[PDB]
Amino acid sequence: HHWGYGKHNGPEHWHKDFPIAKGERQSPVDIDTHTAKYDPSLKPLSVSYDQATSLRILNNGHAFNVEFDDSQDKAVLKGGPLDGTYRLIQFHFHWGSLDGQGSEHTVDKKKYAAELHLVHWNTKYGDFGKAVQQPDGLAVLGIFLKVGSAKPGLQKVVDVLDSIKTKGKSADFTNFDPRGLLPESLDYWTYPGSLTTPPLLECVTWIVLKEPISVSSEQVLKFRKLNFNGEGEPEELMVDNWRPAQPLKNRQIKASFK
Ligand SMILES: O=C1NC(=O)[C@@H](c2ccccc2)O1
Ligand SMILES: [Zn+2]
């Protein structure tokens with residue numbers, strides 16, 4: 001598989017290796033705020049990140065992943081639309097070449113500069129590989145980034161990026177507190193969807209926060225200095241690593257708020 005984000009290998013081509021690309025519950029989607037319905041029975045959302053153990057940061061040629069120790073219930077998501085306990089495994093971002101694009105989800109067709117995905121898996125399936133084969137296997141917490149004031153809790157990430165410029169490079173990344181990347185409010189929209197990259201598996205409960213975080217232009221500029229290529233290959237800047245909105249089909253987006 002040689003998928004990516006270019007004219008020759010980007011989202012319009014994915015379907016040929018991964019036919020689920022045209023399936024019934026693909027992500028991302030546009031969130032139409034006037035059509036999403038408040039659902040009073042959503043239970044409160046529980047983000048329990050106090051014992052998180054970050055380990056490593058990896059440029060995988062598509063994004064950079066901050067990986068966690070998920071061998072125990074250290075950092076978990078519960079409540080909201082979720083049944084049971086979902087364990088944090090990694091977070092990453094999608095971003096643009098310019099501040100007017102980058103996010104995968106859209107809000108009333110608005111694109112944000114970037115979007116953070118905190119990926120968790122349902123502990124009742126035992127491991128991540130099993131969980132992605134189930135319709136309720138994953139819960140992805142999505143957080144929009146807008147350009148404004150700097151996010152202090154992001155800066156440790158931004159400063160390590162020079163050490164993982166190219167595909168396949170990793171760095172030790174211990175003691176990073178993902179609580180520093182959250183907005184104040186946990187108001188969200190939720191809907192059933194998919195992974196936004198190959199293999200495009202229809203295994204995700206999406207939880208998208210309404211309130212964006214603000215990052216500085218300098219912060220996002222540093223994201224854009226990464227490379228999709230490996231070391232010693234032609235430089236291709238890691239920008240516009242986002243999949244556009246997919247058809248909603250037979251789905252309803254629920255709001256946790258009035
Ligand atoms: O929402 C997603 N962002 C992605 O990069 C993709 C994904 C692929 C593989 C593992 C976890 C998530 O799905
Ligand atoms: Zn993602």
# chains A, B, ... in the order shown; residues from 1 in each chain; ligands from 1
call {"tool": "closest_atom_pairs", "arguments": {"of": "chain A", "to": "ligand 1", "cutoff": "10 Å", "atoms": "only C-alpha atoms and all ligand atoms", "output": "CSV"}}
result
residue,atom,partner,partner_atom_place_in_ligand_line,distance
A:27,CA,ligand 1,1 (O),7.6
A:28,CA,ligand 1,1 (O),7.8
A:62,CA,ligand 1,5 (O),7.7
A:63,CA,ligand 1,5 (O),7.4
A:64,CA,ligand 1,5 (O),9.3
A:65,CA,ligand 1,5 (O),8.8
A:89,CA,ligand 1,11 (C),8.8
A:90,CA,ligand 1,11 (C),7.9
A:91,CA,ligand 1,11 (C),8.5
A:92,CA,ligand 1,5 (O),7.2
A:93,CA,ligand 1,3 (N),7.8
A:94,CA,ligand 1,3 (N),7.9
A:104,CA,ligand 1,1 (O),8.6
A:105,CA,ligand 1,1 (O),9.9
A:115,CA,ligand 1,3 (N),9.5
A:116,CA,ligand 1,3 (N),8.7
A:117,CA,ligand 1,3 (N),6.3
A:118,CA,ligand 1,1 (O),8.5
A:119,CA,ligand 1,11 (C),6.3
A:120,CA,ligand 1,11 (C),8.7
A:121,CA,ligand 1,11 (C),9.6
A:128,CA,ligand 1,10 (C),9.0
A:129,CA,ligand 1,10 (C),9.6
A:132,CA,ligand 1,10 (C),8.5
A:138,CA,ligand 1,11 (C),8.8
A:139,CA,ligand 1,1 (O),9.3
A:140,CA,ligand 1,1 (O),6.5
A:141,CA,ligand 1,1 (O),8.9
A:142,CA,ligand 1,1 (O),8.2
A:193,CA,ligand 1,1 (O),9.1
A:194,CA,ligand 1,13 (O),6.8
A:195,CA,ligand 1,13 (O),3.4
A:196,CA,ligand 1,13 (O),4.1
A:197,CA,ligand 1,6 (C),4.7
A:198,CA,ligand 1,8 (C),6.5
A:199,CA,ligand 1,8 (C),7.0
A:200,CA,ligand 1,13 (O),7.2
A:201,CA,ligand 1,13 (O),8.4
A:202,CA,ligand 1,13 (O),9.9
A:203,CA,ligand 1,13 (O),9.7
A:204,CA,ligand 1,1 (O),8.1
A:206,CA,ligand 1,1 (O),8.5
A:241,CA,ligand 1,5 (O),9.1
A:242,CA,ligand 1,3 (N),8.8
A:243,CA,ligand 1,3 (N),9.3
call {"tool": "write_last_selection", "arguments": {"atoms": "C-alpha atoms", "output": "mmCIF file, in the first residue's frame"}}
result
data_model
loop_
_atom_site.group_PDB
_atom_site.id
_atom_site.type_symbol
_atom_site.label_atom_id
_atom_site.label_comp_id
_atom_site.auth_asym_id
_atom_site.auth_seq_id
_atom_site.Cartn_x
_atom_site.Cartn_y
_atom_site.Cartn_z
ATOM 1 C CA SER A 27 -15.542 9.614 8.277
ATOM 2 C CA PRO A 28 -14.990 12.476 8.527
ATOM 3 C CA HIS A 62 1.211 10.239 7.394
ATOM 4 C CA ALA A 63 1.229 12.203 10.658
ATOM 5 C CA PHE A 64 3.111 12.078 13.964
ATOM 6 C CA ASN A 65 1.778 9.859 16.677
ATOM 7 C CA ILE A 89 -3.380 4.392 22.705
ATOM 8 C CA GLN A 90 -2.145 7.359 20.763
ATOM 9 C CA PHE A 91 -2.924 10.906 19.640
ATOM 10 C CA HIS A 92 -2.056 12.690 16.384
ATOM 11 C CA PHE A 93 -3.115 15.593 14.275
ATOM 12 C CA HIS A 94 -4.252 16.476 10.771
ATOM 13 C CA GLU A 104 -11.119 16.478 8.719
ATOM 14 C CA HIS A 105 -14.492 17.183 10.316
ATOM 15 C CA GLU A 115 -7.743 18.563 14.183
ATOM 16 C CA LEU A 116 -6.429 16.473 17.097
ATOM 17 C CA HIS A 117 -7.447 12.843 17.368
ATOM 18 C CA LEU A 118 -7.079 11.091 20.718
ATOM 19 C CA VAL A 119 -7.580 7.386 19.810
ATOM 20 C CA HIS A 120 -8.960 4.955 22.379
ATOM 21 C CA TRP A 121 -9.934 1.286 22.170
ATOM 22 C CA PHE A 128 -6.371 -2.713 19.498
ATOM 23 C CA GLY A 129 -6.085 -5.073 16.589
ATOM 24 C CA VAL A 132 -10.739 -2.252 15.028
ATOM 25 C CA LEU A 138 -12.812 2.560 19.034
ATOM 26 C CA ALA A 139 -13.672 5.998 20.446
ATOM 27 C CA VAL A 140 -11.874 8.893 18.809
ATOM 28 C CA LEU A 141 -11.992 12.252 20.633
ATOM 29 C CA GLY A 142 -11.657 14.977 18.024
ATOM 30 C CA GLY A 193 -18.049 6.430 11.725
ATOM 31 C CA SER A 194 -14.689 5.162 10.598
ATOM 32 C CA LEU A 195 -10.939 5.560 10.600
ATOM 33 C CA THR A 196 -10.113 8.557 8.323
ATOM 34 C CA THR A 197 -7.121 6.803 6.704
ATOM 35 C CA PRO A 198 -6.660 3.347 5.299
ATOM 36 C CA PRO A 199 -7.754 0.809 6.272
ATOM 37 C CA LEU A 200 -10.847 2.930 6.719
ATOM 38 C CA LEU A 201 -12.463 0.538 9.124
ATOM 39 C CA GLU A 202 -15.990 1.255 10.318
ATOM 40 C CA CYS A 203 -15.159 0.793 13.956
ATOM 41 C CA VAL A 204 -15.320 4.282 15.512
ATOM 42 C CA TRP A 206 -16.714 9.765 17.062
ATOM 43 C CA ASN A 241 -2.847 15.305 5.581
ATOM 44 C CA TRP A 242 -6.661 15.374 5.922
ATOM 45 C CA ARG A 243 -9.487 13.474 4.275
#
call {"tool": "select_by_dssp", "arguments": {"residues": "range 94-124 of chain A", "states": "strand (DSSP E or B)", "output": "number ranges by chain"}}
result
A: 94-95, 106-107, 110, 114-122
call {"tool": "residues_around", "arguments": {"residues": "range 162-172 of chain A", "least_positions_apart": "5", "cutoff": "10 Å", "atoms": "only C-alpha atoms", "output": "short mmCIF file (atom, residue, chain, number, x, y, z; two decimals) with N, CA, C and O atoms, in the first residue's frame"}}
result
data_model
loop_
_atom_site.label_atom_id
_atom_site.label_comp_id
_atom_site.auth_asym_id
_atom_site.auth_seq_id
_atom_site.Cartn_x
_atom_site.Cartn_y
_atom_site.Cartn_z
N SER A 54 2.82 8.53 28.56
CA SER A 54 3.26 8.70 27.17
C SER A 54 4.62 7.98 27.07
O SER A 54 5.40 7.89 28.06
N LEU A 55 4.93 7.46 25.91
CA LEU A 55 6.20 6.75 25.71
C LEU A 55 7.06 7.34 24.61
O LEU A 55 8.32 7.40 24.77
N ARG A 56 6.48 7.64 23.43
CA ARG A 56 7.28 7.81 22.24
C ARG A 56 6.50 8.67 21.28
O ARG A 56 5.24 8.68 21.33
N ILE A 57 7.19 9.35 20.38
CA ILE A 57 6.58 10.09 19.30
C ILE A 57 7.22 9.53 18.02
O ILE A 57 8.45 9.39 17.91
N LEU A 58 6.36 9.30 16.99
CA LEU A 58 6.78 8.57 15.79
C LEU A 58 6.27 9.38 14.57
O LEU A 58 5.03 9.69 14.46
N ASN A 59 7.14 9.68 13.63
CA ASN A 59 6.65 10.16 12.28
C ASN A 59 6.41 8.90 11.46
O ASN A 59 7.38 8.19 11.09
N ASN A 60 5.18 8.60 11.13
CA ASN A 60 4.86 7.37 10.36
C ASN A 60 4.66 7.64 8.85
O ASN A 60 4.20 6.75 8.11
N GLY A 61 5.03 8.81 8.34
CA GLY A 61 4.85 9.15 6.97
C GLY A 61 3.50 9.74 6.62
O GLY A 61 3.28 10.12 5.47
N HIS A 62 2.57 9.74 7.56
CA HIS A 62 1.21 10.24 7.39
C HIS A 62 0.89 11.37 8.38
O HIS A 62 0.22 12.33 8.04
N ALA A 63 1.38 11.24 9.57
CA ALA A 63 1.23 12.20 10.66
C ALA A 63 2.33 11.89 11.68
O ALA A 63 3.26 11.06 11.42
N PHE A 64 2.31 12.54 12.83
CA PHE A 64 3.11 12.08 13.96
C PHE A 64 2.22 11.62 15.07
O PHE A 64 1.21 12.24 15.39
N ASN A 65 2.56 10.47 15.63
CA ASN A 65 1.78 9.86 16.68
C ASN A 65 2.53 9.96 18.02
O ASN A 65 3.70 9.48 18.10
N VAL A 66 1.83 10.47 19.05
CA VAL A 66 2.28 10.35 20.47
C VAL A 66 1.64 9.11 21.03
O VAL A 66 0.36 9.04 21.11
N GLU A 67 2.48 8.16 21.36
CA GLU A 67 2.00 6.84 21.75
C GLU A 67 2.01 6.71 23.26
O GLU A 67 2.98 7.23 23.94
N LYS A 222 5.41 24.89 12.68
CA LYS A 222 6.32 23.86 12.98
C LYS A 222 5.78 22.48 12.55
O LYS A 222 6.50 21.63 12.08
N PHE A 223 4.49 22.30 12.61
CA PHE A 223 3.91 21.07 12.11
C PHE A 223 4.20 20.94 10.61
O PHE A 223 4.48 19.88 10.13
N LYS A 225 6.66 21.85 8.85
CA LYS A 225 8.04 21.57 8.53
C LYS A 225 8.40 20.10 8.53
O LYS A 225 9.47 19.69 8.04
N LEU A 226 7.47 19.30 9.03
CA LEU A 226 7.65 17.84 8.91
C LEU A 226 7.68 17.40 7.48
O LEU A 226 7.24 18.12 6.60
N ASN A 227 8.12 16.12 7.30
CA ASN A 227 8.20 15.54 6.01
C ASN A 227 7.40 14.26 5.89
O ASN A 227 7.45 13.41 6.76
N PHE A 228 6.74 14.03 4.78
CA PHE A 228 6.11 12.77 4.46
C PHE A 228 7.19 11.72 4.04
O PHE A 228 7.00 10.59 4.30
N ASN A 229 8.23 12.17 3.33
CA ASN A 229 9.30 11.33 2.94
C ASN A 229 10.21 10.85 4.08
O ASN A 229 10.30 11.43 5.09
N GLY A 230 10.92 9.74 3.74
CA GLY A 230 12.00 9.36 4.55
C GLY A 230 13.32 10.13 4.37
O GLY A 230 13.49 10.89 3.40
N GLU A 231 14.25 9.92 5.32
CA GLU A 231 15.55 10.57 5.21
C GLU A 231 16.29 10.25 3.92
O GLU A 231 16.31 9.13 3.46
N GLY A 232 16.87 11.32 3.34
CA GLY A 232 17.59 11.26 2.11
C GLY A 232 16.77 11.10 0.88
O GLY A 232 17.32 10.88 -0.15
N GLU A 233 15.44 11.25 0.97
CA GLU A 233 14.54 11.22 -0.20
C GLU A 233 14.12 12.62 -0.49
O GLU A 233 14.33 13.54 0.32
N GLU A 235 12.29 15.98 -0.63
CA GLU A 235 11.51 16.56 0.39
C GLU A 235 10.07 16.86 -0.05
O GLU A 235 9.85 17.61 -0.97
N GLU A 236 9.11 16.31 0.70
CA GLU A 236 7.72 16.55 0.45
C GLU A 236 7.17 17.02 1.80
O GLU A 236 7.11 16.20 2.76
N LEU A 237 6.77 18.24 1.94
CA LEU A 237 6.36 18.71 3.26
C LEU A 237 5.08 18.00 3.67
O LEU A 237 4.17 17.79 2.90
N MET A 238 5.06 17.64 4.97
CA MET A 238 3.81 17.03 5.57
C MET A 238 2.84 18.14 5.91
O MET A 238 2.86 18.78 6.92
#
call {"tool": "select_by_dssp", "arguments": {"residues": "range 34-248 of chain A", "states": "alpha helix (DSSP H)", "output": "mmCIF file with C-alpha atoms, in the first residue's frame"}}
result
data_model
loop_
_atom_site.group_PDB
_atom_site.id
_atom_site.type_symbol
_atom_site.label_atom_id
_atom_site.label_comp_id
_atom_site.auth_asym_id
_atom_site.auth_seq_id
_atom_site.Cartn_x
_atom_site.Cartn_y
_atom_site.Cartn_z
ATOM 1 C CA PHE A 128 -6.371 -2.713 19.498
ATOM 2 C CA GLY A 129 -6.085 -5.073 16.589
ATOM 3 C CA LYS A 130 -9.217 -6.934 17.711
ATOM 4 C CA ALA A 131 -11.073 -3.743 18.541
ATOM 5 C CA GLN A 155 4.798 23.304 23.033
ATOM 6 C CA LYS A 156 6.588 20.115 24.283
ATOM 7 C CA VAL A 157 5.205 18.413 21.153
ATOM 8 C CA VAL A 158 6.215 21.219 18.824
ATOM 9 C CA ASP A 159 9.794 21.249 20.189
ATOM 10 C CA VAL A 160 10.455 17.569 19.561
ATOM 11 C CA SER A 217 0.772 30.465 14.049
ATOM 12 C CA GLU A 218 4.342 29.581 15.100
ATOM 13 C CA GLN A 219 3.105 26.244 16.566
ATOM 14 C CA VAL A 220 1.253 25.137 13.427
ATOM 15 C CA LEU A 221 4.124 26.385 11.250
ATOM 16 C CA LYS A 222 6.321 23.863 12.980
ATOM 17 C CA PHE A 223 3.910 21.069 12.112
#
call {"tool": "residues_around", "arguments": {"residues": "residue 109 in chain A", "least_positions_apart": "5", "cutoff": "9 Å", "atoms": "only C-alpha atoms", "output": "list in words"}}
result
residues 30, 31, 32 and 245 of chain A
call {"tool": "residues_around", "arguments": {"residues": "residue 144 in chain A", "least_positions_apart": "2", "cutoff": "9 Å", "atoms": "only C-alpha atoms", "output": "MDAnalysis selection string"}}
result
chainID A and resid 103 105 112:116 142 146 208:214
call {"tool": "write_last_selection", "arguments": {"atoms": "C-alpha atoms", "output": "short mmCIF file (atom, residue, chain, number, x, y, z; two decimals), in the first residue's frame"}}
result
data_model
loop_
_atom_site.label_atom_id
_atom_site.label_comp_id
_atom_site.auth_asym_id
_atom_site.auth_seq_id
_atom_site.Cartn_x
_atom_site.Cartn_y
_atom_site.Cartn_z
CA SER A 103 -9.37 19.71 9.78
CA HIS A 105 -14.49 17.18 10.32
CA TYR A 112 -10.26 24.58 11.01
CA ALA A 113 -6.51 24.80 10.80
CA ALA A 114 -6.01 21.39 12.27
CA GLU A 115 -7.74 18.56 14.18
CA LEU A 116 -6.43 16.47 17.10
CA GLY A 142 -11.66 14.98 18.02
CA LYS A 146 -7.71 27.42 15.39
CA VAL A 208 -16.09 15.81 18.43
CA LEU A 209 -15.73 18.68 20.90
CA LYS A 210 -17.57 21.89 20.10
CA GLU A 211 -14.98 24.17 21.57
CA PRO A 212 -11.72 24.50 19.56
CA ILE A 213 -8.38 24.96 21.16
CA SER A 214 -6.22 27.90 20.08
#
call {"tool": "atom_distance", "arguments": {"atom1": "CA of residue 176 in chain A", "atom2": "CA of residue 53 in chain A"}}
result
7.5 Å
call {"tool": "atom_distance", "arguments": {"atom1": "CA of residue 47 in chain A", "atom2": "CA of residue 88 in chain A"}}
result
10.0 Å
call {"tool": "atom_distance", "arguments": {"atom1": "CA of residue 239 in chain A", "atom2": "CA of residue 5 in chain A"}}
result
8.7 Å
call {"tool": "closest_residue", "arguments": {"among": "A:39, A:143, A:234, A:33", "to": "ligand 2", "atoms": "only C-alpha atoms and all ligand atoms"}}
result
A:143
call {"tool": "residues_around", "arguments": {"residues": "range 70-87 of chain A", "least_positions_apart": "3", "cutoff": "7 Å", "atoms": "only C-alpha atoms", "output": "list in words"}}
result
residues 42, 43, 44, 45, 46, 47, 48, 49, 50, 51, 52, 120, 121, 122, 123 and 139 of chain A
call {"tool": "closest_atom_pairs", "arguments": {"of": "range 171-222 of chain A", "to": "range 247-257 of chain A", "cutoff": "8 Å", "atoms": "only C-alpha atoms", "output": "tab-separated table"}}
result
residue	atom	partner	partner_atom	distance
A:187	CA	A:256	CA	5.9
A:188	CA	A:256	CA	5.5
A:189	CA	A:255	CA	4.5
A:190	CA	A:254	CA	5.3
A:191	CA	A:253	CA	4.9
A:192	CA	A:251	CA	7.5
call {"tool": "write_last_selection", "arguments": {"atoms": "N, CA and C atoms", "output": "CSV table (one decimal), in the first residue's frame"}}
result
chain,number,residue,atom,x,y,z
A,187,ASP,N,-18.5,19.8,25.9
A,187,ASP,CA,-19.7,19.8,25.0
A,187,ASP,C,-19.2,19.1,23.7
A,188,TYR,N,-20.0,18.2,23.1
A,188,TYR,CA,-19.6,17.4,21.9
A,188,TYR,C,-20.7,17.1,21.0
A,189,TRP,N,-20.4,16.7,19.8
A,189,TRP,CA,-21.2,16.0,18.9
A,189,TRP,C,-20.8,14.6,18.8
A,190,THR,N,-21.7,13.6,18.5
A,190,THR,CA,-21.2,12.2,18.4
A,190,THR,C,-22.0,11.6,17.2
A,191,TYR,N,-21.3,10.6,16.5
A,191,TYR,CA,-21.9,9.9,15.5
A,191,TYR,C,-21.1,8.6,15.2
A,192,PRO,N,-21.6,7.6,14.6
A,192,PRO,CA,-20.9,6.4,14.3
A,192,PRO,C,-20.1,6.5,13.0
call {"tool": "closest_residue", "arguments": {"among": "A:186, A:24, A:151, A:102", "to": "ligand 2", "atoms": "only C-alpha atoms and all ligand atoms"}}
result
A:102
call {"tool": "decode", "arguments": {"residues": "range 123-171 of chain A", "atoms": "C-alpha atoms", "output": "compact mmCIF listing (two decimals), in the first residue's frame"}}
result
# COMPACT_ATOMS: atom_id res chain seq x y z
CA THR A 123 -11.13 -2.84 26.60
CA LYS A 124 -13.70 -5.53 26.20
CA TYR A 125 -11.90 -6.57 22.97
CA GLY A 126 -8.56 -7.07 24.69
CA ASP A 127 -6.24 -5.41 22.15
CA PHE A 128 -6.37 -2.71 19.50
CA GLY A 129 -6.09 -5.07 16.59
CA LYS A 130 -9.22 -6.93 17.71
CA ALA A 131 -11.07 -3.74 18.54
CA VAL A 132 -10.74 -2.25 15.03
CA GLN A 133 -12.69 -5.31 13.71
CA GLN A 134 -15.74 -4.34 15.78
CA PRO A 135 -18.39 -1.64 15.20
CA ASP A 136 -17.90 -0.31 18.71
CA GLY A 137 -14.19 -0.97 18.92
CA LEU A 138 -12.81 2.56 19.03
CA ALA A 139 -13.67 6.00 20.45
CA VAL A 140 -11.87 8.89 18.81
CA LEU A 141 -11.99 12.25 20.63
CA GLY A 142 -11.66 14.98 18.02
CA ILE A 143 -10.61 18.53 18.95
CA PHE A 144 -10.40 21.43 16.45
CA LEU A 145 -7.43 23.74 16.38
CA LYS A 146 -7.71 27.42 15.39
CA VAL A 147 -4.84 29.84 15.05
CA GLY A 148 -4.69 32.50 17.69
CA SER A 149 -2.93 32.42 21.08
CA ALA A 150 -0.35 29.76 21.76
CA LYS A 151 -1.43 26.50 23.55
CA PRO A 152 1.19 26.04 26.27
CA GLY A 153 0.50 22.37 26.60
CA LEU A 154 1.36 21.78 23.01
CA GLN A 155 4.80 23.30 23.03
CA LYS A 156 6.59 20.12 24.28
CA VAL A 157 5.21 18.41 21.15
CA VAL A 158 6.21 21.22 18.82
CA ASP A 159 9.79 21.25 20.19
CA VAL A 160 10.45 17.57 19.56
CA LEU A 161 9.33 17.73 15.90
CA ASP A 162 12.83 18.71 14.65
CA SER A 163 14.02 15.26 15.90
CA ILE A 164 11.41 13.32 13.89
CA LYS A 165 11.41 15.19 10.63
CA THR A 166 11.18 12.23 8.28
CA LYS A 167 9.20 9.04 7.94
CA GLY A 168 10.27 6.27 10.32
CA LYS A 169 11.97 8.53 12.83
CA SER A 170 10.90 8.28 16.48
CA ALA A 171 11.95 9.93 19.76
